[PDB]
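Enquirer: need coordinates for the below:
(one chain, ligands or ions: 2)
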Amino acid sequence: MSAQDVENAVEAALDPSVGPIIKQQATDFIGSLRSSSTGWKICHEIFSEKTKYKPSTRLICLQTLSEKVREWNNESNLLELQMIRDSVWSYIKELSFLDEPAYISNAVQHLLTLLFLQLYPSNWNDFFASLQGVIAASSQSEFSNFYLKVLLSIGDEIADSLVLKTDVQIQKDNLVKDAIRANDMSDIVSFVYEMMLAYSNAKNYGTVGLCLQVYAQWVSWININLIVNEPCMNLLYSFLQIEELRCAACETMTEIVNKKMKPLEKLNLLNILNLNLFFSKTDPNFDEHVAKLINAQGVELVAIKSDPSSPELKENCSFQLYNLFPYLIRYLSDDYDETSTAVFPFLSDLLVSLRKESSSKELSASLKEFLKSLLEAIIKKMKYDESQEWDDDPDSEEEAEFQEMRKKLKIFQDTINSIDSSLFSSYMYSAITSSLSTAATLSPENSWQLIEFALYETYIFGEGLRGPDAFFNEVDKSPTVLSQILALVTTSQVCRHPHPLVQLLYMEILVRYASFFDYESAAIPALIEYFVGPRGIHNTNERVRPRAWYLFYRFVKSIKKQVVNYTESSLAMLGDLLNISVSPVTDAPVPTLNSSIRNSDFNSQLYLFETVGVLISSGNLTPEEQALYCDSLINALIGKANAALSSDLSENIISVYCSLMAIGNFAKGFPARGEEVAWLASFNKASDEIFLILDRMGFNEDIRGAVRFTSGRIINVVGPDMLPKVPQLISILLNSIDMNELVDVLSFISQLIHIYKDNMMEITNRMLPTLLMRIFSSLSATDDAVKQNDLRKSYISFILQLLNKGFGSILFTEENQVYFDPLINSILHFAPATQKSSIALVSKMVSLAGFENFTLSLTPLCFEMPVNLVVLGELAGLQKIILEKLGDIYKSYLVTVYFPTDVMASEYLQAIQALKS
Ligand SMILES: [Ca+2]
Ligand SMILES: [Ca+2]
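Expert: Numbers count the residues shown, from 1 in each chain. Ligands and ions are numbered 1, 2, ... in the order given. Sure, structure below:
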């Protein structure tokens, strides 16, 4: 018995008392059934036989049959596919399988689906018609659901928006849909709605729900005319009042609302919904759903009003839109962030259309009332959670998402402040006012969220102001709302508040609007004691301490003049924070300078130094002390670097680098032009230890930077006397110079040439020799792409400066005369972007030995250009310039010499794309 063999195999596989080889036989048997060309035939019999065979078995038969069907062709295996269908369709009309294990229904669903996918359009024209004919006659709901889970299996194989597409799957799937649309779609939909209604009244939501499942799935490829009917709308909407059905009902309607129909058509459905919503004056997922529903409509109505076209429908549209306003709010102001965000699009799409419509800025009392209602909501939603604390956590806390929902909300505010500024101001002012006031009603422990709100709103309230017209008027001197706020804030006990977030914010507000204190200076003393407060620069919070430093600086920088009487004290307070304890950390198993510096608030601590510098240099502290203090900071960092480098084998690299960087930013703290000084003597004492510091261990590319960088802003202070010693740096620096640093040296001299244009020259001619010797070599040899690009562009630029800075003549000196020729030639060789610079260069040398020869030699470069757009112009630009300096011979040498080596030369000598074409 071919069947009995299958049953013994399967049964062998499930009996756990069977040996491994025996079981092997079975398993191997069952497996063959899928590959062999005879096997599947066996199964075609077994499966339809209920009383003799067990589900255990049939299932495996059904499974093998599917895999067979799935792999067959319509032409090669057509006869076969049909033999099966008839046997399955017969096994289905039976209606005896639903009473068996659910895996045999599901197993069948799958085959039926697969079978359908291959012969339905042409070979199985009565698929749907026959399935529906069965339901009306059997009256067994279990079958109605079967039929539905099928229309659902079919729909799964037919559409998707996934990226894994295939031109074949799309075309095959497209044909099935196209086939369903023209042949059975209209009845499927009619039959579905029918039982949906029926079962609906049967208070039998078990099926009514599968209908909704399908509806929403098939909505995409369902014919529009079939989905516009209202009775079906009125039906789905009624399900809303029902619990098991309402989530299905709401998701399905949203689907119908998104169906991309024509403007004239969408508005009719949207009215059925709109009307139904109007006359209907909780759970969370429901609300997330209803919200999505509303959001969907809203975004539709609004998208439609933009390209309007009747005159009536134009109205209708705006009316439906209006009636959704109470809902847009009712959900925007929801307690659950998820429900609120469900409506942001619509809100956004809407305020954008409103911004366009505020053409006359005439506000109707309804727009007014609406926009207020909207802010009530946008505001409520910007506040931290009153019943929920916050975390310092930077990577996995929900804050990032909160700060996002804030970033959006703020934009809404902006757009509303755009739509109407008075309304925003008045509102935002009250808003900030009360919260603060209310905050006064709460212990500091529960008052922060509220204060944090007000300080945030304040902070963003006025992010685009730059001049006096912002804080106070010009004639009346009446202060804008902004400052009334700032006055208030400044006069609050916000400073005394211990919550970090509030301190930070406060200090940010104080800095963003520092210019304000130039009008109302009173708070100055209180504000500085604050920045130097145990909440300011000494704040314990690992997240605010570093920020405060930056900020302190920024504040001290904007109110430099106002703090000259606070100089002594404040400096004293910064002593501890000027210390350095850099410890090295590291995803990668290894440490580095970068990883180490980041793991420490050094980049922020530099600002602290630069600030001491401002304090010392602008605090009218007598020069007798300002020399004492500056000397005390400089030698303190210097003495530490010396002590370390003076006793141990060369984590001091980091310590040197940073000690280097310290001095550098300390320099930045001081003024850039050096009328006598006392901080000048100290700076001289400074580079001796740096040269002491470079020559001892000046191997790291980083110290290279730090030290180079140090001169850049050190010699910027008292630059005249320093230009003389830079020569020694070029030597030590150019000795160990690598491909990457030779460029940073040109820039160093280049940026340097700008500062001391007149007096840098004599030391320049010394460098050019050692520099150019290094350059020609580096340009002639894992870093090829690196050096080439970096050296190509720096050599190009350095020559340019030297020419305009008036350094040419200096390069004719003894040391340069040996290189003049190659430097000039090499420019010719250099000759898109690079070519452009080189031609400007050759023009620089020209306009500003071998000079005449190089001039002629430029001539061939103009004809050599087309052998390969702006280059072409700058080319005939140098050529145009050529004539002027050489005059009468220049053209005379081109007529006699070049022309000879008749119409192009004619036209040319008179004044390329033509010569090229
Ligand atoms: Ca869902
Ligand atoms: Ca929230």
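Enquirer: who touches stretch 554-563?
Expert: 507, 510-511, 514-515, 517-518, 521, 524, 527-528, 531, 570, 611, 614-615, 618-619 (C-beta atoms under 8 Å, 6 or more residues apart in numbering). Every residue, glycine included, has its C-beta placed from N, CA and C.
Enquirer: ok, 6 Å please
Expert: Stretch 554-563 is touched from outside by 511, 514, 524, 531, 611, 614, 618, with contacts defined as C-beta atoms under 6 Å, 6 or more residues apart in numbering.
Enquirer: cool, stretch 784-804 as well?
Expert: Under C-beta under 6 Å, 6+ apart, the answer for stretch 784-804 is 739, 743, 746, 750, 753, 775, 778-779, 834, 837, 841, 844, 848.
Enquirer: residue 215 - nearest residue in space that isn't next to it in sequence?
Expert: Excluding the flanking residues, the one nearest residue 215 by C-beta to C-beta, 6 or more residues apart in numbering is residue 252, at 4.9 Å.
Enquirer: and that neighbour, what element?
Expert: Using DSSP states H and E, residue 252 maps to helix 243-258.
Enquirer: how far does that helix sit from its chain's centre?
Expert: 33 Å (C-alpha atoms, centre = their mean, to the nearest Å).
Enquirer: do the same with stretch 823-839
Expert: 40 Å.
Enquirer: next up, phi/psi of residue 900, please.
Expert: Backbone torsions for residue 900, taken as degrees, to the nearest 10, come to phi -70, psi -40.
Enquirer: which ones are touching it?
Expert: Contacts for residue 900 (C-beta under 6 Å, 6+ apart) come out as none.
Enquirer: coming back round to it: elements contacting the helix holding residue 252?
Expert: helix 205-218, helix 230-239, helix 284-305 (3 or more C-beta pairs under 6 Å, 6 or more residues apart in numbering; DSSP states H and E).
Enquirer: just the buried positions in stretch 586-598, please.
Expert: 593, 596, 597 (16 or more other C-beta atoms under 10 Å).
Enquirer: turn the residues you listed into a markdown table, columns for distance to residue 886.
Expert: Shown next, in a markdown table, are the buried residues of stretch 586-598 (distance: C-beta to C-beta, whole Å):
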| residue | distance to residue 886 |
| --- | --- |
| 593 | 55 |
| 596 | 60 |
| 597 | 57 |
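Enquirer: make CSV from the residues you listed and add secondary structure to it.
Expert: As requested, the buried residues of stretch 586-598 are exported to CSV (DSSP: H, G, I helix; E, B strand; the rest coil):
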residue, secondary structure
593, helix
596, helix
597, helix
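Enquirer: and which of those is nearest to residue 450?
Expert: Nearest to residue 450 among those, counting by C-beta to C-beta, is residue 597 at 38.0 Å.
Enquirer: now the closest one: how far from residue 710?
Expert: 17 Å (C-beta to C-beta, to the nearest Å).
Enquirer: quick one: what helix or strand has the residue nearest the centre of the chain in it?
Expert: Residue closest to the mean C-alpha point of the chain, counted by C-alpha atoms, centre = their mean, is residue 404 at 11.7 Å. In this structure, residue 404 is located in helix 399-419 according to DSSP H and E.
Enquirer: got the CA coordinates for that helix in CSV?
Expert: Taking Å, rounded to 0.1, in the frame of the first residue of the first chain, the C-alpha atoms of helix 399-419 are listed here in CSV:
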residue,chain,number,x,y,z
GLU,A,399,15.2,62.0,26.2
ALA,A,400,16.6,62.0,22.7
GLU,A,401,13.1,61.2,21.5
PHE,A,402,11.7,63.8,23.9
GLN,A,403,14.1,66.4,22.6
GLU,A,404,13.0,65.4,19.2
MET,A,405,9.3,65.8,19.9
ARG,A,406,10.5,69.2,21.2
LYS,A,407,12.4,70.0,18.1
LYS,A,408,9.1,69.5,16.2
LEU,A,409,6.9,71.3,18.7
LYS,A,410,9.2,74.3,18.6
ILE,A,411,8.8,74.4,14.8
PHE,A,412,5.0,74.5,15.2
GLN,A,413,5.5,77.4,17.6
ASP,A,414,7.7,79.2,15.1
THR,A,415,5.2,78.6,12.3
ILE,A,416,2.4,80.0,14.5
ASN,A,417,4.5,82.9,15.6
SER,A,418,4.9,83.4,11.9
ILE,A,419,1.2,83.2,11.2
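Enquirer: which neighbouring elements make contact with that helix?
Expert: By 3+ C-beta pairs under 6 Å, 6+ apart, helix 399-419 packs against helix 344-357, helix 365-380.
Enquirer: other residues contacting the first one?
Expert: Meaning helix 344-357. So helix 344-357 is contacted by 295, 298, 299, 302, 408, 415, 418, 419 (C-beta under 6 Å, 6+ apart).
Enquirer: got the buried residues for that helix?
Expert: Buried-residue list, helix 344-357, by 16+ other C-beta under 10 Å: 344, 346, 347, 348, 349, 350, 351, 354.
Enquirer: quick check: the fifth one vs residue 324, distance?
Expert: Between residue 349 and residue 324 the computed distance is 12 Å (C-beta to C-beta).
Enquirer: which residues are common contacts for those two?
Expert: By C-beta under 6 Å, 6+ apart, residue 349 and residue 324 have no common neighbours.
Enquirer: coming back round to it: for residue 388, find the nearest of the helices and strands packed on helix 399-419.
Expert: helix 365-380 (14.5 Å).
Enquirer: show me what the closest one packs onto, helices and strands only.
Expert: helix 325-332, helix 399-419.
Enquirer: please save the CA atoms from the strand or helix carrying residue 23 in PDB.
Expert: Taking DSSP H and E as the definition, residue 23 sits inside helix 20-35. Below are the C-alpha coordinates for helix 20-35, written out as PDB (Å, rounded to 0.1, in the frame of the first residue of the first chain):
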ATOM      1  CA  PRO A  20      18.200   6.800  14.800                       C
ATOM      2  CA  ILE A  21      18.800   4.800  11.600                       C
ATOM      3  CA  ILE A  22      15.200   3.600  11.400                       C
ATOM      4  CA  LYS A  23      14.000   7.200  11.900                       C
ATOM      5  CA  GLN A  24      16.600   8.100   9.300                       C
ATOM      6  CA  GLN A  25      14.900   5.800   6.800                       C
ATOM      7  CA  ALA A  26      11.600   7.500   7.500                       C
ATOM      8  CA  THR A  27      12.900  11.000   7.400                       C
ATOM      9  CA  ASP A  28      14.800  10.200   4.200                       C
ATOM     10  CA  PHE A  29      11.600   8.700   2.800                       C
ATOM     11  CA  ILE A  30       9.500  11.800   3.700                       C
ATOM     12  CA  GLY A  31      12.200  14.000   2.200                       C
ATOM     13  CA  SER A  32      12.300  12.000  -1.100                       C
ATOM     14  CA  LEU A  33       8.600  12.600  -1.400                       C
ATOM     15  CA  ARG A  34       9.500  16.200  -2.200                       C
ATOM     16  CA  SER A  35      12.300  15.700  -4.800                       C
END
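Enquirer: check which element follows that helix along the chain.
Expert: Helix 20-35 is succeeded, C-terminally, by helix 39-46 (DSSP H and E).
Enquirer: how about the secondary structure of residue 456?
Expert: Going by three-state DSSP: residue 456 is helix.
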